[PDB]
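Residue numbers begin at 1 in each chain, while the letters A, B, ... track the order of the sequences. Computed from heavy atoms alone, side chains included, the values below leave out hydrogens, waters and symmetry copies.
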Amino acid sequence: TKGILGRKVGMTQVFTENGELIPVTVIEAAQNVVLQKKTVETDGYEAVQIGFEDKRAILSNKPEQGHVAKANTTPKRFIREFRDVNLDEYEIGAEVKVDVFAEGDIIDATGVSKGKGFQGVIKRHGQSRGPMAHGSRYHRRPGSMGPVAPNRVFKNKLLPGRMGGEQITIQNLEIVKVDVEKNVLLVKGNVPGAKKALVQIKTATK
Amino acid sequence: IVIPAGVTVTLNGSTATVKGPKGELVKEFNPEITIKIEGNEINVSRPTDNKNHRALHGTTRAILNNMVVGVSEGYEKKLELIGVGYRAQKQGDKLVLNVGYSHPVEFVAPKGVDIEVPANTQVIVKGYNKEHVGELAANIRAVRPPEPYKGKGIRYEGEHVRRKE
Amino acid sequence: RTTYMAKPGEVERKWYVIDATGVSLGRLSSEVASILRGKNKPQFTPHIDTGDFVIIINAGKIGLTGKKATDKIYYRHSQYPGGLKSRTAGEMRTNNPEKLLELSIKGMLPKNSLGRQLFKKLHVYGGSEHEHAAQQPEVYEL
Amino acid sequence: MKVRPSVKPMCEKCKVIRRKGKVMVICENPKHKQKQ
RNA sequence: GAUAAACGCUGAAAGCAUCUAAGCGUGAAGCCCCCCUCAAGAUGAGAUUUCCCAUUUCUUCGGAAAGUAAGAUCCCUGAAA
RNA sequence: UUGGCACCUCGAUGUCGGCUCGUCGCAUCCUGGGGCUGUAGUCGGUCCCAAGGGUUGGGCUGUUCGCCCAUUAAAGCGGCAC
Ligand SMILES: [Mg+2]
Ligand SMILES: [Mg+2]
Ligand SMILES: [Mg+2]
Ligand SMILES: [Mg+2]
Ligand SMILES: [Mg+2]
Ligand SMILES: [Mg+2]
Ligand SMILES: [Mg+2]
Ligand SMILES: [Mg+2]
Ligand SMILES: [Mg+2]
Ligand SMILES: [Mg+2]
Ligand SMILES: [Mg+2]
Ligand SMILES: [Zn+2]
């Protein structure tokens, strides 16, 4: 069970040896460094803490500079933990290159979905519009709040609200190409996020 | 309960350990029921006389007997496979029966219990723990149990199957 | 007039360790609720908290008479529709015995702000060991 | 299995037993299997 | 993983029988895990790593006031929000 | 459900069907597990366990309902101010 952090660069497409044309997300994962190994004795669970892209000194604070020092590395923009991995693999201050993944490998991409802002129930919850004609004054509205008897609205009556910007995990994305000199993975299909989004690629739990 | 020769019994609380030539058994009994070890003879003692105890009192002599008899001479449950193409092969330790299914069904013999097949159309479960011999033979029979129309399936040795058209 | 009223901190709150091994869940609980409410002290004042701290050890060995192990159901409602979860007392004694005794005893304490303070004085342990040795707890018999 | 309030021997091979505090008749003839 | 209905094994009460009383096993789209997300206001406020340090003034001890540290903000340029 | 009663509301508890949104019960329509079968097999029937999810597009009728066309694993029955 391997893992790595990268930024979504954007999508494109590649021709397979077969000749088929597949869509791909390009994930640039330069500058992954192991920062900390968490053990059952010290923290209470096994995990490896990986720092991703280098951050200018003035953008870091002393708490940050003092935590990366232990790994003899510059401060990092993103730090995430990976559970369910072999702590024997991974040394403090080691690089984590995209070569940990091969072609045909099956991964789970985790990231935050694009922000839609305040949205209504048609876009946010896929509800039905009311009629648009035949005298209707009921188009993009959320429907009855519920029955009379409770004298209240049940929880999970779906209503308008802020829509995206949620952690999402797409499971079972095939890695298509691994390019070490450019520190790039091509994952088949799309992963959550806007371009430049942090994407967490771990070996598929399934 | 008369202990045969070579057999030994020990009592370290409310549990009894019956070790003999063929194997070695342990069984936790009800504390209330008191057991007496002599040289060659065991006697199980009932304290009161309620519907709770009278029951336990019997169960103990019988299980204790079934622990002693089981380590001395042992227990055999013999099964028959009736039907066309219904055969049993033992290819290592795993018992393997072809019994009409599109896949073969295989059984790894539990610790202490030993499957073996003289003919292809009969299986014999052997062991010391009459309980464990019982639960393997049952499970083997439960693969394809005796159907009432032709009599096809895996039955016990002297078992009466009901018949129909 | 003249009836004594305990002041906060006045009465000496002592630490007691109670072995739950083989005592009925209630029977254990009713005695402890009394010790927590401080009903065993002549200084008992209904509005104060003159009661003792209680550590229960071996709560995994608490007793359930009859079929209560399988038939006593503990219910929780999330407040979402159809959000009713249930656990059997037996399952809960095996896995979260701390929680079994806490539920049991929380029902026999007053249902007010003071009752919520009393419950903070209760320390339940599945096994035989606690980390409250520093409070020098005294063994208590039921 | 016949599940019914009134569980009675249907033939003379029928036997009335109790299991798990339910009354039942068992019989060679499987049509006679009853549980209360 | 534990169960329902169900099928059993071993087994006495009741020298037999008996799935049951003690005791084992098998067994559902269900139950609890597993999968996804939120989640320590979990006031029961949890854990790990790293940073800052023990200043000054008066004050009855209690504490109060003031400049600071690490750090954060106001303000400004913005968008992937 | 058809009713009985007249207990709340006549200084207003203001409406049948449809639409939108569901949620609950289980007396289960489908899917899962099982017993019996007039269970050879296939296709079925019936009862037990089971409420996790699922459970449709039209024509005619204001019509709930119904009838019909064509599907579907199935086109469940009820409650929530019908
Ligand atoms: Mg946006
Ligand atoms: Mg529509
Ligand atoms: Mg309009
Ligand atoms: Mg209310
Ligand atoms: Mg028997
Ligand atoms: Mg099982
Ligand atoms: Mg009148
Ligand atoms: Mg009014
Ligand atoms: Mg039912
Ligand atoms: Mg119409
Ligand atoms: Mg209405
Ligand atoms: Zn009969």
Side-chain angles (χ1 to χ4, degrees), chain A residues 8 35-36 38-39 42-45 47 49 61-70 79 81 108 110 112 114-117 121 125 127-131 134 136 138-139 141-150 154 156-158 162 164-169 171 193-197 205-206, chain B residues 27-30 33 50-63 66 77 129-139 141-142 145 147-150 164-165, chain C residues 70 81-82 85-88 91 95 102 116 119-120, chain D residues 1-4 15 17-21 26 30-33 35:
Chain A
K8 183 213 273 263
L35 295 189
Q36 203 190 343
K38 292 200 177 180
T39 74
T42 60
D43 311 75
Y45 66 98
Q49 203 197 50
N61 44 38
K62 284 186 62 59
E64 282 182 18
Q65 284 168 347
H67 175 71
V68 296
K70 293 274 290 302
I79 304 178
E81 296 187 0
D108 287 359
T110 287
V112 178
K114 295 174 73 148
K116 291 74 170 80
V121 299
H125 299 298
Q127 290 188 7
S128 305
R129 297 173 294 153
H134 293 293
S136 168
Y138 203 75
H139 310 323
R141 273 186 197 294
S144 177
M145 298 295 284
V148 178
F154 287 179
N156 273 357
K157 169 56 192 184
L158 303 192
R162 194 158 296 181
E166 294 171 355
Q167 181 177 310
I168 299 296
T169 301
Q171 304 186 310
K195 299 181 186 62
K196 283 183 284 178
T205 190
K206 306 175 174 186
Chain B
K27 228 290 166 182
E28 165 66 8
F29 303 84
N30 203 251
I33 311 284
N50 303 355
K51 194 196 76 177
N52 297 0
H53 297 69
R54 288 194 313 237
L56 295 176
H57 174 44
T59 302
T60 52
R61 168 174 258 179
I63 293 176
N66 282 356
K77 193 83 80 166
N129 189 356
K130 179 150 76 166
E131 205 174 2
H132 286 358
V133 165
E135 185 54 27
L136 183 62
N139 286 356
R141 178 174 176 289
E147 69 79 7
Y149 293 110
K150 298 228 297 189
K164 288 183 78 75
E165 95 95 339
Chain C
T70 67
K85 281 75 175 160
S86 51
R87 292 179 71 179
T88 70
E91 183 266 292
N95 299 329
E102 280 169 348
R116 289 186 294 261
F119 178 81
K120 300 189 180 67
Chain D
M1 184 72 68
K2 302 184 182 306
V3 180
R4 81 215 317 197
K15 297 180 61 173
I17 71 180
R18 301 188 72 241
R19 286 182 182 154
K20 311 303 196 303
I26 62 183
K31 276 190 173 183
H32 290 181
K33 287 209 298 177
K35 173 177 270 68

[X] side-chain N/O to [N] phosphate OP1/OP2 under 4.0 Å:
X: A:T42; N: E:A47; result: no
X: D:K20; N: E:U20; result: no
X: D:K2; N: F:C48; result: no
X: A:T169; N: E:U37; result: yes
X: A:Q167; N: E:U37; result: yes
X: C:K85; N: E:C32; result: no
X: B:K51; N: E:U20; result: no
X: B:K130; N: E:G11; result: yes

Taking for each residue the nucleotide of RNA chain E with the nearest heavy atom, is it A:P63 or A:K116 whose nucleotide lies nearer the 5' end?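 Looking at the nearest nucleotide for each, A:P63 comes out on the 5' side.
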Closest nucleotide of RNA chain E for B:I63 versus for A:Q36: which of these residues is on the 5' side?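 On the 5' side of the pair lies B:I63.
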Distance-only donor-acceptor test (3.5 Å): side chain [X], base [N]:
X: B:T59; N: E:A21; value: yes
X: C:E102; N: E:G44; value: yes
X: B:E131; N: E:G11; value: no
X: D:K31; N: F:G35; value: no
X: A:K196; N: E:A80; value: yes

Report yes or no: do [X] and [Y] form a side-chain donor-acceptor pair below 3.5 Å?
X: C:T70; Y: C:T88; answer: no
X: C:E91; Y: C:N95; answer: yes
X: A:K38; Y: A:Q49; answer: no

At their closest point, which heavy atom of A:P142 faces which heavy atom of A:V121, and how far apart are they?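 So the minimum-distance heavy-atom pair works out to CA-CG2, 3.6 Å.
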How far apart are the closest heavy atoms of A:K8 and A:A194, and which atoms are they?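 Heavy atoms only, the tightest pair is CD-O, 3.6 Å.
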For RNA chain E, report each stem as range with range, ordered by first number, or say none. Use Watson-Crick or G-U wobble pairs under 3.5 Å, at least 3 in a row.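 For RNA chain E the paired stretches long enough to count as stems (3 pairs minimum) are E:6-9 with E:23-26, E:55-57 with E:64-66.
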Measure from [atom1] on [X] to [atom2] on [N] and round the result to the nearest Å.
X: D:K33; N: F:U39; atom1: NZ; atom2: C1'; value: 14 Å
X: A:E81; N: E:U48; atom1: CD; atom2: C1'; value: 8 Å
X: B:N52; N: E:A12; atom1: CG; atom2: P; value: 18 Å
X: D:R19; N: E:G11; atom1: CZ; atom2: P; value: 15 Å
X: B:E28; N: E:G23; atom1: CD; atom2: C1'; value: 11 Å
X: C:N95; N: E:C31; atom1: CG; atom2: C1'; value: 14 Å
X: A:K195; N: E:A80; atom1: NZ; atom2: P; value: 10 Å
X: A:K157; N: F:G22; atom1: NZ; atom2: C1'; value: 7 Å

Pairwise P distance, E:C38 and F:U13 [rounded to whole Å]: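 Result for the P pair: 49 Å, nearest Å.
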F:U55 to F:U72 separation - P atoms, rounded to the nearest Å: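 Approximately 16 Å lies between the P atom of F:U55 and that of F:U72.
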Once Watson-Crick and G-U wobble pairs under 3.5 Å are found, how is RNA chain F written in dot-bracket notation, 5' to 3', with | for any base paired to another strand? .....................(((((..(((((((((......))))))..))).(((((.....))))).....)))))..
B:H132 atom NE2, over 12 foreign heavy atoms within 6.0 Å: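 At most 12 heavy atoms, drawn from other residues, nucleotides or ligands, come within 6.0 Å of this atom.
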Torsion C1'-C2'-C3'-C4' of E:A13, interpreted as north if positive, south if negative: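 North is the answer for E:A13, its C1'-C2'-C3'-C4' torsion being positive.
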